[PDB]
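A single chain comes next, written as structure tokens; it is the form solved without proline.
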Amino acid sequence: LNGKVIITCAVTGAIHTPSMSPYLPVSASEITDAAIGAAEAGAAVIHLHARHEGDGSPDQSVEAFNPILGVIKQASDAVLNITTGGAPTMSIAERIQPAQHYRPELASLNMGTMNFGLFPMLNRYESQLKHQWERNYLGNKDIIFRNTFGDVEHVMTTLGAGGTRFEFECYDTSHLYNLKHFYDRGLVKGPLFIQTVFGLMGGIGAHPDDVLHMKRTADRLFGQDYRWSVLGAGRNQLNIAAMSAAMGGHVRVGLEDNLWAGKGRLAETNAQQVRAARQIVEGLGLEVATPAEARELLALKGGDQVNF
């Protein structure tokens, strides 16, 4: 398993909105097409949100995932990673239900309460927004992404009972320290899949110093008992992916995180970003991990042990 790089592809998310790009997957069949194409391009893990087909807004209901999860599983042995973040305005009670019902191999777990600033995107996109909800959502200066110590404890206990393991989303140093508290108490066992998230307004930035700081903090707190993945938001996506691959870590791409393929060019598919990451990985002389290798690296329960 040495020299295997796990590519996670986050195909749609809840931060970008449909008016920002006609390539953002919205319908259930657009999301499954995107996931299947990304897995076939080399993504061992697919990170999934759902959306209302009517207006494209985030949909975190249990039923929203039924036409998504089984469809991808019939076509691909990729590891399906179900969000517990949903949209950052949502409550824990709403957010936990899909992963709780579907008992996936992986679920995201956001490790601290934070501001979430989407209003930067309002300068670029205000003129082309076709839905009022996009204007209100992106303009909201009071978004709080809630993940208290009690909330995280509750998600760890509830979802852990179903065999689900977590992608721990850490947006700044404090989230690694928060994770260390739960690790020391034994509420999660290794190996920890720790994803350091760079470049979001409200989180740490995407400077090389930020990347090395999160890596050296994770090394110190968890030593050998974790696997490192990175998420570089927006135009930082491939720079930070290349840093991680070169440093022994794993890589997240996807239109959830970055709508662009180059300067003034939108990415047309999730698979396209997977191919770019795979080109970097193979250029390093490394190899992209298969789903089976990702399951071994992350000690996952298996694609035949889920509730879909």
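All residue numbers are counted from 1 along the displayed sequence. Only residues modelled in both forms are compared. Just so we're on the same page, rigid core means the largest C-alpha set that superposes within 1.5 Å between forms.
The same protein has a further form, the form deposited with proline bound, not shown here; the description that follows concerns it.
Colleague: Open or blocked: after superimposing the binding-site C-alphas and transferring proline from its position in the deposited bound form, do three or more ligand atoms sit within 2.4 angstroms of any backbone or C-beta atom?
Modeller: Site status: open.
Colleague: In the deposited bound form, does each residue in the set 172, 193 and 222 place a non-hydrogen atom within 4.5 angstroms of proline?
Modeller: Not a single listed residue reaches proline in the deposited bound form, so no.
Colleague: Looking at 207-215, 106-114, 70-78, 185-193, which one sits within 4.5 Å of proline in the deposited bound form if you count heavy atoms only?
Modeller: Flagged stretch: 106-114.
Colleague: May I ask you to check whether residue 297 falls inside a 4.5 Å heavy atom distance of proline in the deposited bound form?
Modeller: No, no contact at 4.5 Å.
Colleague: Using a 4.5 angstroms cut-off on non-hydrogen atoms, would residue 145 count as touching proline in the deposited bound form?
Modeller: Residue 145: yes, in contact with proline in the deposited bound form.
Colleague: Answer yes if any heavy atom of residue 83 is within 4.5 Å of a heavy atom of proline in the deposited bound form; otherwise answer no.
Modeller: Yes, contact at 4.5 Å.
Colleague: Taking heavy atoms only, is residue 288 within 4.5 angstroms of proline in the deposited bound form?
Modeller: Close contact is absent here: in the deposited bound form, residue 288 is far from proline, nothing within 4.5 Å, heavy atoms only.
Colleague: For the stretch 219-252, which residues lie within 4.5 Å of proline in the deposited bound form by non-hydrogen atom distance?
Modeller: Nothing in this stretch is in contact.
Colleague: Determine, with the core as the superposition reference, the one member of 224, 91, 128, 157 that shifts its CA by 2 Å or more between the shown form and the other one.
Modeller: Just 91.
Colleague: I need the moving stretches between the shown form and the other one: superpose on the rigid core, then report runs of 3+ consecutive residues where each CA shifts by 2 Å or more, in sequence order.
Modeller: After superposition, only residues 86-91 shift as a run.
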